Amino acid sequence: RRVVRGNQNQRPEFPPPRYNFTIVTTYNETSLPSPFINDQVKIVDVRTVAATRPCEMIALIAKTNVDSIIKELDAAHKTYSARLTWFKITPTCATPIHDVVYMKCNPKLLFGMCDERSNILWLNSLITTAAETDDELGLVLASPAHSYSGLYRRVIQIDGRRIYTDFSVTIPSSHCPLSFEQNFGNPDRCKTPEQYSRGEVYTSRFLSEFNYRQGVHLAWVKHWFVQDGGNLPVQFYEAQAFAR
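The numbering of the sequence shown is the authors' numbering, which starts it at 34 and goes up by one.
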C-alpha cells in the first residue's frame, strides 16, 4: 500500500472533504466489463485534448448525463452501486488506469458521494502525476510524455446503466524530463477484447491503491509538479476571491 511520508512543513493546503466515506479494503471483486463497443450500441461523447507545451498539466473533463441517471434512482427512492474506470484504448487492447467501485450511494447527492467504496486504484506509475478532478469524474495528468498521445475512454456505471466519454489526446514530441513512461501497451495491463469478454480482467491484480481522498491526492500532485519545476496552469488554481 502506497502511503505519503514526510515532514508536515512540506504539505500543501488541503481543501475540505466533499463527503465522508469508508474504504472497504476487504470487499470482494467482480471482473471488469469490456470497454469495447460491439453488440450494445452506445452514444459516445468524443472530445479532443491537446497539450501545447512540454510537461503541460492537462485535464480530461466532460459534462455527462450522470445526474439524470442518478436522479432517476432518486425518484425511485433507491440507493445504488457504481463504478468508475478510465482506459487507454487501442484497437488490439485496453489498459485500465484508474478504477473505483462505489456502494451505498445516496442518489439525493452527487456522483461519488457514497457511504462506501473499494480501494482507489491507479496504475502505479501514475500516482505521483495523476489525480481525479473535484467532482471525481475528470482526470488530471501532470507531466505527460509524448507516449501519452492516443485515445482515453471513461466508463461510468450507475446501477445497470453505462456512460462513455472518449478523449483523443495529443502531446508534442519534445521530451518532458518530469514525465514517467507508462508502457500502456504492456500485455500485463493492456487487456484484449477476449480477456474482458471471458470475465478475466480484475483490476486488483495489476493496479495499485492510493487510498487518499481526491482533494488530498490532487493537492499533492499539483504541489509535486510545481516543486519539480512545472508551471501550473491557471485552470488548476482555486478561487480565493476576496477572502483572507
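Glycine residues also receive a C-beta, built at the ideal position from the N, C-alpha and C atoms.
Local conformation of residue i per DSSP, three classes
i: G248; result: helix
i: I91; result: strand
i: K255; result: helix
i: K104; result: helix
i: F217; result: coil
i: residue 21; result: The structure shown does not extend to residue 21, since the chain is modelled only from 34 through 277, so no value can be given for it.
i: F47; result: coil
i: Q260; result: helix
i: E62; result: coil
i: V99; result: helix
i: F120; result: strand
Residues bridged to residue i [DSSP beta-bridge criterion]
i: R238; result: The partner list for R238 (beta bridge, DSSP) is empty, contrary to what the question assumes.
i: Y113; result: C138
i: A84; result: In DSSP, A84 forms no bridge with anything.
i: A163; result: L174
i: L154; result: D132 and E242
i: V79; result: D199
i: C147; result: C138
i: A127; result: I122 and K224
Reference residue i, options the options, closest by Cα
i: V254; options: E242, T162 and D199; result: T162
i: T123; options: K224, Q268 and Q73; result: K224
i: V188; options: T58, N42, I204 and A115; result: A115
i: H250; options: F239, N40, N42 and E46; result: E46
i: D78; options: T198, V57 and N40; result: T198
i: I130; options: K104, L65, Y113 and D192; result: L65
i: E169; options: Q41, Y52 and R34; result: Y52
i: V267; options: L106, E89 and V99; result: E89
i: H208; options: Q215, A164 and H179; result: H179
i: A83; options: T97, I70, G183 and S151; result: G183
i: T118; options: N152, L211, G263 and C138; result: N152
Exposed unless 16 or more other CB atoms sit within 10 angstroms - verdict on residue i
i: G232; result: exposed
i: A175; result: buried
i: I76; result: exposed
i: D132; result: buried
i: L156; result: buried
i: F144; result: buried
i: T128; result: buried
i: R186; result: buried
i: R277; result: exposed
i: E165; result: buried
i: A252; result: buried
i: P68; result: buried
i: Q247; result: buried
i: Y270; result: exposed
i: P177; result: buried
Endpoints, beta strand (DSSP E) assigned at residue i
i: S176; result: Segment: none, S176 is in no beta strand (DSSP E) and carries neither H nor E.
i: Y197; result: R194 to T203
i: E169; result: Premise fails: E169 is in no beta strand (DSSP E) and is neither H nor E.
i: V188; result: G183 to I191
Residue i: CB within 7 Å of a non-hydrogen atom of the ligand MN
i: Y229; result: Annotation note on the ligand MN: not contained in the displayed structure, which lists no ligands.
Delimiting residues of the alpha helix (DSSP H) encompassing residue i
i: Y229; result: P226 to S230
Min CB distance residue i to chain D below 8 Å
i: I103; result: Absent here is chain D; the protein component of the structure consists of one chain.
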